[PDB]
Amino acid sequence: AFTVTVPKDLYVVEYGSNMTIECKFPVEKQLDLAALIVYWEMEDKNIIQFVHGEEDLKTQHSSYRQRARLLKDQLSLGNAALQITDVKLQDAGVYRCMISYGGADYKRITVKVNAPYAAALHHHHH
């Protein structure tokens, strides 16, 4: 049946770098945007809603506001990759890619985030 697949489920990213986590689903013929739902979340924090044609951000968590860009271009190729700019220590954890396009599945992807000493020191308080 319908199945979202993840090129890798573990990404290890350095502090402050960019990060594109990929998520592929099948595109029958040409992608029907009105029938598509894409939904990126990370440990109960809603990162991105893509519902029947456009992005819902009025539900986006604060900690991700204007850092999480869903590549509206690669949706037409069945790749819902999420791009996060300037990664922080807080961004490490289990991400969930949930897709509903005549069927629905999800996959988990883990991010560990490396940081130099100074970053890990400021995260130890702030």
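In case it trips you up, residue 1 is the first one in the sequence shown, and so on.
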### Query
As stated in the PDB record, which stretch has the larger average Cα B-factor, 34-42 or 97-105?
97-105
### Summary
With B-factors read from the PDB entry, the higher C-alpha mean of 56-64 and 83-91 is in 56-64
### Summary
Here the Cα B-factor of residue 75, set against its chain, lands in the third termed lowest
### Task
For residue 120, return the chain-relative third of its C-alpha B-factor as stated in the PDB record: lowest, middle or highest.
middle
### Summary
Assert third(CA B-factor, residue 1) within chain per record equals highest
